[PDB]
Amino acid sequence: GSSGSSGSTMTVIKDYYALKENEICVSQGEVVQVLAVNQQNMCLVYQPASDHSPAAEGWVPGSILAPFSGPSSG
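If you count the sequence shown from 1, position 65 lands on 65 in the entry's author numbering, and the numbers rise without skipping.
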């Protein structure tokens, strides 16, 4: 497996829409991984292949993001 991740896995608590081209559409329940933050109060999250769309990196408002927990928590 991995040897120490860097980004933090967050689960979409509320639906959202990609206002820009870089941004991606997400719904309450999806799980993404944060990579960085933008001056537009956005969080570069990596969305893995999904029914809606395949593996793609899109920006999302941390407001709709939350600290996931459960598997390999500690």
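Ideal Cβ placement from N, Cα and C applies to all residues, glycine included.
Please state whether DSSP places residue i in a helix, a strand or coil.
i, result
"residue 62", "helix"
"residue 67", "strand"
"residue 17", "coil"
"residue 32", "strand"
Give me the Cα-Cα distance between residue i and residue j, rounded to the nearest whole angstrom.
i, j, result
"residue 19", "residue 10", "20 Å"
"residue 48", "residue 55", "4 Å"
"residue 119", "residue 59", "Here the chain has residues from 1 to 74 only, and residue 119 is not among them."
"residue 97", "residue 28", "For residue 97 there is no data in the structure shown, the boundaries of the chain being 1 and 74."
By DSSP's criteria, residue i is part of a beta bridge. Which residues make up the other side?
i, result
"residue 57", "46"
"residue 37", "43"
Quick one, are the C-beta atoms of residue i and residue j less than 7 Å apart?
i, j, result
"residue 7", "residue 34", "yes"
"residue 64", "residue 12", "yes"
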